[PDB]
C-alpha cells in the first residue's frame, strides 16, 4: 500500500491482532504519516462526557444520569486528534461482533436443538445491542460533520454469499445467505440508512423532505460473508481509510499545526 501502510498491514497479519490492537496500530500509523499532529487512544468514554457534549448543542440535552460512573466501552476503542483549539476530536471508533456458530457445529458432528437433531440453530437477536453504542457516539459527535464508526461482523448469521459445509460423515449442508433463519444482517441496516455495506460512510450526508435540512450519521458496516474469520491486514486498511477521511473533514481545524510547526 501507500508508504508504510503496507508494512503495518503485514505486521497485523503476522500477529492476528484483535480489533482493539489494530486501532492502536492505526493511531501509530497516523502519528507516522502526520508527525505534526498529536493522536491518542482510549478504551472508553464516560456518560458524563457525552452529556457535556450534548449540553453544548442544546441546554435541554444530556440532562439524565442515574448511575454517576456510567460509560461505554467499544472493544475496538477510540482514536482522537487534537485540533488547533486544543480540543480532542474523534477520528475512529471500532467494534467487532460475532453471532452464529453453525459453521463450527457442522464441521463437527454436532446436532443442535432441544431434541439434538437440527443441523442449524435458529438465529438469535443479541446483535441488535450494537445500535446502543452507535447512538451514544452519534450524540457525542452531533456537532461533527463526520461519523467514523466501524462495525465488523462475522459468523453464520452474517452471510452475503452461499456456502457449503462438510461434516465428518460426508454430507454437505448447503447454507443460503438469503435465509431468514440465519441471516441477521437486516438487524443492522438501520444504522446506515440502508446505504451500501462494506463501504466508508464517514462523511455525513445532508438530506431534507421539505425546507428543513437534516444530518445523517451512517455507520460503516463491514461483514465477512464467507463465514471465515476477519483478516487483520484488511481490518487495518479499512480502519486507516476511515481515519484519514475523518482528518479530511477536520482539515480546517488542523491547518495551524501542519503549517506552524
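Residue numbers count along the first chain shown, from 1. Take the two forms, find the largest set of C-alpha atoms that superpose within 1.5 Å, and that set is the rigid core.
- Two stretches, 206-214 and 190-198, are weighed by how far their CA atoms sit from the shown form in 4 other deposited structures of this protein after rigid core superposition; the farther one is 206-214.
- With 179-187 and 117-125 as candidates, the stretch whose CA atoms show the greater average offset from this form in 4 other deposited structures of this protein after a core fit is 117-125.
- Look at the mean CA B-factor for 184-192 and for 112-120 in the entry; the higher one is 112-120.
- Higher mean CA temperature factor, per the PDB entry, when comparing 171-179 with 132-140: 171-179.
- The residue among 237, 16, 253, 21 whose C-alpha atom has the highest B-factor in the PDB entry is 16.
- Residue-level inspection of the entry shows that, of 199, 204, 51, 208, 208 has the top Cα B-factor.
- Ranked by C-alpha B-factor against the other modelled residues of its chain, residue 34 falls in the highest third.
- Annotation for residue 163: CA B-factor lies in the highest third of the chain's modelled residues.
- Sorting the modelled residues of the chain by their CA temperature factor places residue 156 in the middle third.
- When all modelled residues of the chain are sorted by CA temperature factor, residue 105 is found within the highest third.
- When the modelled residues of the chain are ordered by C-alpha B-factor, residue 213 sits in the highest third.
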